[PDB]
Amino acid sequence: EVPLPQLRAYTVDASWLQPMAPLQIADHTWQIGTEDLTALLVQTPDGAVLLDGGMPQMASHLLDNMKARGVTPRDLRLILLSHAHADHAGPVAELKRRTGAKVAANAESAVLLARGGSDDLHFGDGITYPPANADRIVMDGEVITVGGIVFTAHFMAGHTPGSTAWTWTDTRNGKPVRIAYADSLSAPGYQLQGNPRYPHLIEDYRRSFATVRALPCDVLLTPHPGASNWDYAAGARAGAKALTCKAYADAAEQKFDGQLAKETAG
């Protein structure tokens, strides 16, 4: 008669998978992912930090761009994550196997990473990826220092329970630049009200808008560059139109309020 359906692969827009050469953000900070997925390399005298890796199939491209920057596999020391979905943490397990890198994450992100994104609060098993273990668990406001660059975790639960903004200070043209890598604030197809798997979802999103609003934020970057109006294909103008953290938070909250109203009507 009728067989069960075949497994469906997690397929994405081509631009999410379009390799790009490294794009400099500040003196030690580079976008080394694809056109439409952020993966940030921070290079220090004492090794390199990667914030996000994009999709699972991006591991070799990331290692190629690291080599182009002078970062060998042994030199990658630390992987940080915005959140542990397949399109941002996808290649972490493979990167750990192929480099010296260790993962630092909060408890929520660590348990989602360790089950490869399975049993997602909203997506079920529809978006899984190879599982990986965290080497260090971080708390809200905790700092990690690599080669003198100080990364601070700012929890901003909502998109996932473990969603995190990472902030650090780099330099540009001599001057300090406070960089904020703020996580997604979207709720794509989520049940927002009365969700039994996430009862305080709305309150957490509201607190997260306030957290993002208040980040030290000379330059905002986001896991999906379009969310902060970056255009990685635009070269010297890639960041010209970027939002402030305040504008990103306001836009996300306005969208969220509309979704709440639509959910009530639906």
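Position 1 is the first residue in the sequence shown; the rest follow in order. Think of the rigid core as the biggest set of C-alphas that the two forms share within 1.5 Å after superposition.
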On a core superposition, give the stretch, 250 to 258 or 13 to 21, with the larger average C-alpha separation from this form in 7 other deposited structures of this protein (RMS over structures and residues). 13 to 21
Higher of the two mean Cα B-factors (168 to 176, 136 to 144; per PDB record) comes from 168 to 176
Avg C-alpha B-factor, entry values, 241 to 249 vs 7 to 15, higher side is 7 to 15
Per the entry's Cα B factor values, which of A86, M156, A114, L76 stands out as the maximum? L76
Could you tell me which third, lowest, middle or highest, the C-alpha B-factor of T44 occupies within its chain? highest
How does the C-alpha B factor of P223 compare with the rest of the chain: lowest, middle or highest third? lowest
Compared with the other modelled residues in the chain, in which third is the CA B-factor of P131? lowest
What third of the chain, by the recorded C-alpha B-factor, contains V71? highest
Sorting the chain's CA B-factors, does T99 end up in the lowest, middle or highest third? highest
